[PDB]
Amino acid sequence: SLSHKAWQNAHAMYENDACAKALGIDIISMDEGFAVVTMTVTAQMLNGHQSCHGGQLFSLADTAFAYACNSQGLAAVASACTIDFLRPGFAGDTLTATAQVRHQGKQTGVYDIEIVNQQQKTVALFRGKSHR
């Protein structure tokens, strides 16, 4: 019932935590409809121009997004995502991704995620459309 819903919440949280662990992502701040997580770029994530590969950035943002869904028990997947890359993230940068619900409908939602560096400059903007 209620207890199945609670179980699903806890299950979605365990899964999100396992991906975060495996990516080296830490929760810094989290509350209703938002989450701020951090990650350090390591030399293992560099593309040929020595910056963070777009797929790690996309995961870091996906994980922040999952945590923002999960702050309110609203487990969802992304159905679409738009991303502006403004500056590269280099090895050793500490990247902070904030995700924030902007609209939550009956079946779908829109979430914005901003990734910034340790100089507080914007590395990337995402807007995602979610489903569930």
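A residue's number is simply how far along the shown sequence it sits, counting from 1.
Remark: stretch with higher mean C-alpha B factor among 32-40 and 100-108 is 100-108.
For the pair 122-130 and 2-10, the record assigns the higher mean C-alpha temperature factor to 2-10. Taking the PDB entry at face value, the top CA B factor among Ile83, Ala64, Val77, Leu86 belongs to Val77.
Each of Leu95, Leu57, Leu46, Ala68 has a CA temperature factor in the record; the biggest one is found at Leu46.
In this PDB entry, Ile25 carries a Cα temperature factor that places it within the middle third of its chain's modelled residues.
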